[PDB]
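Going line by line, the protein sequences match chains C, B and A. Counting the first sequence from 1 gives a position; the authors' numbering is that position plus 5. Counting the second sequence from 1 gives a position; the authors' numbering is that position plus 5. Counting the third sequence from 1 gives a position; the authors' numbering is that position plus 5. Even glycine gets a Cβ: it sits at the ideal position worked out from N, Cα and C. Working notes, structure below.
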Amino acid sequence: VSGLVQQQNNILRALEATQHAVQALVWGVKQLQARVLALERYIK
Amino acid sequence: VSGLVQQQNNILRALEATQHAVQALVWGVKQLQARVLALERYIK
Amino acid sequence: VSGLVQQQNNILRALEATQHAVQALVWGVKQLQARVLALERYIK
Numbered sequence: 006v007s008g009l010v011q012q013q014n015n016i017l018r019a020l021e022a023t024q025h026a027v028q029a030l031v032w033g034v035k036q037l038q039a040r041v042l043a044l045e046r047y048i049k
Numbered sequence: 006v007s008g009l010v011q012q013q014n015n016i017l018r019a020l021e022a023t024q025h026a027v028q029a030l031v032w033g034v035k036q037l038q039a040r041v042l043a044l045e046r047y048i049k
Numbered sequence: 006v007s008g009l010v011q012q013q014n015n016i017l018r019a020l021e022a023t024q025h026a027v028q029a030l031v032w033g034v035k036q037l038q039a040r041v042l043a044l045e046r047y048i049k
């Protein structure tokens, strides 16, 4: 690619990489939520 | 819409979706940080 | 600056800021994983 097409393509690839990283953060936060809830339930 | 406006709107919608997920994750991490700190303060 | 170069520079500055935010949150979730693991290991 080249020109505007290369510039748009770089932006889209970087968005896709950020999207994959965000999806993994969502599931790391939900796995934490479950481990923290288990600790809270145990202490109670 | 089509052509460059369609392509630029697809990029802006994807960037906005990623920004919204980061703002929801910032709140979920603040809530987990407070819950983890309360567990650590109880245990100590 | 104006036209397409202004629109593209605005998208690039916003995408860069979102990528920085996601990398900070990847480290913050790993810090909370370590804290939660310490709590689990002690309780066990």
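TODO: Write down the C-beta distance between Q11(A) and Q13(B) rounded to the nearest angstrom, noting that I regard them as a contact closer than 8 Å.
DONE: Here residue 11(A) refers to the residue found at position 6 of the third sequence. Here residue 13(B) refers to the residue found at position 8 of the second sequence. Not really, about 12 Å apart at Cβ, beyond 8 Å.
Task: Straight-line gap, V34(B) to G8(A) (C-alpha atoms, nearest Å) - done: Counting from one through the second sequence, the residue named residue 34(B) turns up at place 29. Counting from one through the third sequence, the residue named residue 8(A) turns up at place 3. The straight-line gap from Cα to Cα measures roughly 38 Å.
TODO: Run down chain A in chain order and give the residues with a C-beta less than 8 Å from the C-beta of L30(C).
DONE: For this step, residue 30(C) is matched to residue 25 along the first sequence. What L30(C) touches in chain A: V27, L30, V31, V34.
Task: Backbone secondary structure at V6(C) - three-state DSSP - done: By 1-based counting over the first sequence, the position of residue 6(C) is 1. In the structure shown, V6(C) sits in coil (DSSP, three-state: anything other than H, G, I, E or B).
- [ ] Examine chain B for any beta-carbon lying closer than 8 Å to the beta-carbon of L37(A), and answer yes or no.
- [x] To locate residue 37(A), count along the third sequence from 1; it is residue 32. Answer yes: the Cβ-Cβ gap between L37(A) and chain B drops below 8 Å somewhere.
Open item on the list: Within 8 Å of any Cβ in chain B, is that where the Cβ of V41(C) sits?
Closed with: Within the first sequence, the letter at position 36 stands for residue 41(C). It does: the Cβ of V41(C) has a partner Cβ on chain B nearer than 8 Å.
TODO: Can you tell me which of the three DSSP states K49(B) falls into?
DONE: Residue numbering aside, residue 49(B) sits at position 44 when the second sequence is read from its first letter. Looking at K49(B) - three-state DSSP - the assignment turns out to be coil, as it is neither helix nor strand.
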